[PDB]
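One chain comes next, on its own, written out as structure tokens in the form deposited in one PDB entry.
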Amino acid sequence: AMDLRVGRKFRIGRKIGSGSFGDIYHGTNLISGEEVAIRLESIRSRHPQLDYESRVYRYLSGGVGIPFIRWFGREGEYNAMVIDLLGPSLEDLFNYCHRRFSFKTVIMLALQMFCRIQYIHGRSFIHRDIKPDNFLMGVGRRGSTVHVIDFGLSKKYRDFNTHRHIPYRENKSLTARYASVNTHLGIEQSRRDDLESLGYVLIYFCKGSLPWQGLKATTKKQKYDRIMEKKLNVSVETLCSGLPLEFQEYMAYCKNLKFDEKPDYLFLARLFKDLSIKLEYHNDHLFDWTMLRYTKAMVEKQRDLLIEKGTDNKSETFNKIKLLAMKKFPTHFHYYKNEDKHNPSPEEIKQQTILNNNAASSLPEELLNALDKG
């Protein structure tokens, strides 16, 4: 009754995620007690893919950030896939940080995503569905490692016996937000299209929005048309206005790639790694949500101290907590300026550090212990 099991090894716990026409459940191994994620797909679905990506995970097994499948098989009405438990997605962490990421976090994330994508490409695969929702963090000591999920639209771009690329095709069926420009044109997706999609995600992280977002039209077909009209029209410079030039150089590189040529992954790595050096970012594995969760927890336990010896708020209180953390780690938090239509130099970006150092929060007696923290 209350003991539902999958694959005779895992018990089903609380529901954690709801995929499209599917559900994701937290679970534990009956014998070892290891936490697992359980994906359930009903057989009565118009487009089943759980069996397919099950084969993909097992083929991409042995890679960093590639979720190791613990078991796949059928359970009653459902197809059941069991992997090791993962943390929230980047879209989840985006909402956690109120949809704005620091320059540091974006670069740290970009460097991890570059390796994930290159590995998948190195196994003769392309993802074809790159969005913040398909990148998850680990739990426990894997919490620093970015993982990749959802290979339902994944496809082999080359043969294995020979490295010959798939032929150039058109009128291939048109995720409108992060899709490549060539994907809108019906052109076959390639390795270039994945990296271009990745760029759209990174720019989306810095600005919190994209040009094709929030476009209005009377006829709903025109709504979809305006977005396509937007991607093709917008220049790379306009797209990466308030961002460092490294971002523009990335998008320019990816959109200039041929249909079959191999990307210079090492160049993309150095490009942002050089930027982090300029911005004086160190490899300390500290994301925005990492410092925010810590600062939040540090402040809230001080409440109990005050008591013993004594939804609108959330946007205001998080703002107070974000500012305090911004003061505690002034070198880490650098953000994109909405006003700027030019590419800011590392100096202007490093100028924010001084501003963050000379920052003042509302809380008085609580901040006194935050001074005592040091």
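In this text, residue numbers run from 1 along the sequence as written. By rigid core we mean the largest C-alpha set that fits within 1.5 Å across both forms.
According to the entry, the deposited sequence places 1 to 3 unmodelled residues between residue 174 and residue 175. Looking at mean Cα B-factors across 160-168 and 72-80, the upper value is held by 160-168. Comparing 28-36 with 344-352, the stretch with the higher mean C-alpha B-factor in the PDB entry is 344-352. The PDB entry assigns its highest CA temperature factor, among 54, 317, 61, 45, to 317. Per the deposited record, 227 carries the highest C-alpha B-factor of all listed residues (187, 252, 227, 110). For residue 304, the recorded CA temperature factor ranks within the highest third of the chain's modelled residues.
Residue-level temperature factors show residue 325 in the middle third of its chain, judged at the C-alpha atom. Annotation for residue 261: C-alpha temperature factor in the highest third relative to the rest of the modelled chain, per the entry. Among the modelled residues of the chain, residue 95 sits in the middle third by CA temperature factor in this PDB entry. Residue 232: CA B factor lies in the highest third for its chain, per the PDB record.
Form deposited in another entry: not shown, discussed below.
Put simply, after the core is superposed between this form and the one not shown, 220 is the one residue in 220, 285, 169, 258 with a Cα shift of at least 2 angstroms.
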